[PDB]
Structure formats: structure tokens, C-alpha cells
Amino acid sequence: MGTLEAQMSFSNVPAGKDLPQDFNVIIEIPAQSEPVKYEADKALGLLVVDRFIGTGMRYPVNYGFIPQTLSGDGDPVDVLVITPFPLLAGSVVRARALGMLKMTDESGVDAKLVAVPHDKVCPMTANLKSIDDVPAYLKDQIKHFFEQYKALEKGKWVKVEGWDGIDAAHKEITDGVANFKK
């Protein structure tokens, strides 16, 4: 934001109760929702209609961010949260990391964390200890989704590099948390 011009609901949510391993995710896009991309406006405390997805492709898992984090790209750490039923847009969930999906787009690197709810919240996912426990068919779907959903956004492209584990996820959380407080 420009000098001249520069002259709550989200930013007051703790990044996590016990970082980096125990963190909070505000949901922006439910799994399987109609192909509209919402992005939290953290100044306004509201979800903003970002884009009607050109390919009409839908998020195969829930999509959100960790409040009070600032990633290298200037946005909060992004998280995919797997659940047995879609989560409400604008809700918050206690989560734990399984790893990450490494990718780069026309603008630089872009990693999305892969997460599940805390075990007490979601017993259905407690079995998932790391990225490699996530079913092959689903990891494939997610990789395909990121490779293709922006196929019809002019000037954009996405390349998926592959997966990473929990340390890598935690470093991302660690650094994002740091950056947000300068």
C-alpha cells in the first residue's frame, strides 16, 4: 500500500495454540464448493469474491489460511484441510500439518500446506500421520487441480514440483509467524 494512502475479525485470531505444530486455519473455500474463489480481506474481516474460476474446477479439499502469518509472497501461509465433510466458509479450525505441496506460478514459489483437524476435533483423520498416508488418488487429484484450475486465467500458470513433509511445513509456519511481526 502506497505511502500517501497508508496515512480485526481475522487478525485477532491467534496463529496457533502451540506453534508450529498446533495452529489455526480460517476457511476461505470449502471442499467441493461451486467454482468461486473467495479470499479473506484481513483489513475488512470479510470474505471477498476473488474470481469465478475459468475452468470451473472445484477445490477437492478445504482451503484457508493461518491468521497472523506472512509468507514470502506477501500473503498468509495457505493450507489445504482435509475433512470428511466440507467446512463452513469463514469458520476456524484447530489443525495439524501433514506436509506440503511445492509448486511455482508465474509470480514465484507457492507452497500449500496440507493439514487435518486436531485429533479430538476430527477422529476420522487421526490415522493420517504424514503426507504419505493421504490416499494416492487424492494427492493425485490435488496435484491435478493445482496444475489445471488456472488453465483459463490469461497470463497465469502453475507448475507442481512435488511433496514435502512435516518439518518443511513447520518451517513455513515458523517463518510466516516471524514475518508477520516484522
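When you see a residue number, it is the position in the sequence shown, counting from 1. Between two forms, the rigid core is the largest collection of C-alphas that superpose within 1.5 Å.
Please work out whether 78-86 or 99-107 has the higher root mean square C-alpha deviation in 5 other deposited structures of this protein relative to the shown form, with the rigid core as fitting region?
If we average over structures and residues in 5 other deposited structures of this protein, the farther stretch is 99-107.
Check: Quick one: with the core lined up, is it 20-28 or 156-164 that wanders further in 5 other deposited structures of this protein, going by C-alpha RMS?
Finding: Between 20-28 and 156-164, greater C-alpha deviation in 5 other deposited structures of this protein belongs to 156-164.
### Query
Where do the C-alpha atoms have the higher mean temperature factor in this entry, in 149-157 or in 29-37?
Looking at the recorded C-alpha B-factors, 149-157 comes out higher on average.
- Task: Look up the CA B-factors in the entry and say which stretch, 127-135 or 51-59, has the higher mean.
- Result: Looking at the recorded C-alpha B-factors, 127-135 comes out higher on average.
For this session: Taking the values exactly as deposited, rank residue 46 by C-alpha B-factor within its chain and report the matching third: lowest, middle or highest.
Result: CA B-factor rank for residue 46: middle third.
* Among the chain's modelled residues, which third holds the C-alpha B-factor of residue 99? -> CA B-factor rank for residue 99: middle third.
Record-listed C-alpha B factor of residue 70: chain third: Highest third, going by the recorded CA B-factors of the chain.
Among the modelled residues of this chain, does the Cα B factor of residue 109 put it in the lowest, middle or highest third?
Highest third, going by the recorded CA B-factors of the chain.
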